[PDB]
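In: first piece of the complex, coordinates kept as in the full assembly:
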Amino acid sequence: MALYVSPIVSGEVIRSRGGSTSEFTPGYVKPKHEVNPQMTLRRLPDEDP
C-alpha cells in the first residue's frame, strides 16, 4: 500500500510486478465415417416406392 516509512530511514524497495505464462498446445478431432457401397441396393426410408 504505502504504509508509513518515516523521513529518517531509507525504507524498503518494492518488487515491481509481473510474470505468468502457460501453454495450451495440441487439440484435435476427426470424424471418419463410411459410405457402405452395398447399402445402396435396398430402398432408403425416403424415395417413395
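Out: Right, received. Where do you want to start? Numbers count the residues shown, from 1 in each chain, chains lettered A, B, ... in the order given.
In: how long is stretch A:29-41 from one end to the other?
Out: Stretch A:29-41 has its terminal residues 32 Å apart, counting by CA to CA, to the nearest Å.
In: same deal with stretch A:33-49?
Out: Across stretch A:33-49, first to last residue, CA to CA, it's 28 Å.
In: same check, this time on stretch A:31-45
Out: 24 Å.
In: how far is that stretch from where the chain is centred?
Out: 36 Å (CA atoms, centre = their mean, to the nearest Å).
In: list the contacts of that stretch.
Out: The contact list for stretch A:31-45 (CB atoms under 8 Å, 6 or more residues apart in numbering) reads residue A:49. Yep, even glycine has a C-beta here, placed from its N, CA and C like the rest.
In: can you rerun that using 6 Å?
Out: Around stretch A:31-45, nothing counts as a contact under CB atoms under 6 Å, 6 or more residues apart in numbering.
In: tell me which helix or strand the residue most central in space within chain A sits in.
Out: By CA atoms, centre = their mean, chain A has its centre lying nearest to residue A:24, at 5.9 Å. Using DSSP states H and E, residue A:24 maps to neither a helix nor a strand.
In: chain B goes on too:
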Amino acid sequence: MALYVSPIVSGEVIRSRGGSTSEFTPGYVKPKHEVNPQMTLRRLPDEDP
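Out: Time to bring in chain B:
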C-alpha cells in the same frame, strides 16, 4: 460424438442411420340419398300458400 482421435491413429468408422414404416389402407364412406319425384306435389314448409 467424434471426440479426440489423435492424428496418427486416424480413427473408427460409424454406422449412419435409417428405418421406419407404417400401414393403413384407405378407409371409406358413402351416404346415399333419394329424390323420389312422387313426393313433390305436397307443398314444402316454405312456399307460402
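In: the contacts of stretch A:31-45 again please, chain B included this time.
Out: B:2, B:11, B:13-14, B:18 (CB atoms under 6 Å, 6 or more residues apart in numbering or on different chains).
In: out of those, who's near chain A?
Out: When CB under 6 Å from any CB of the partner chain is applied, the members of the contacts of stretch A:31-45 adjacent to chain A are B:2, B:11, B:13-14, B:18.
In: neighbour-wise, which of those leads?
Out: Per-residue neighbour counts (other CB atoms under 10 Å in any protein chain shown) across these peak at residue B:11, which has 16 neighbours.
In: surely it touches residue A:30?
Out: Yes. Between residue B:11 and residue A:30 there is a contact at 5.4 Å, judged by CB atoms under 6 Å.
In: circling back to that earlier point, now the two most distant members of the contacts of stretch A:31-45.
Out: Farthest apart among those by CB to CB are B:11 and B:18. That separation is 22.2 Å.
In: so which strand or helix has whichever residue of chain A sits closest to chain B?
Out: Minimum separation of chain A from chain B (CB to the nearest CB) falls at residue A:31, amounting to 3.4 Å. Using DSSP H and E, residue A:31 falls within no helix or strand.
In: just to revisit the earlier point, which residues are common contacts for residue B:11 and residue A:30?
Out: Here residue B:11 and residue A:30 have residue B:5 as joint contacts, going by CB under 6 Å, 6+ apart.
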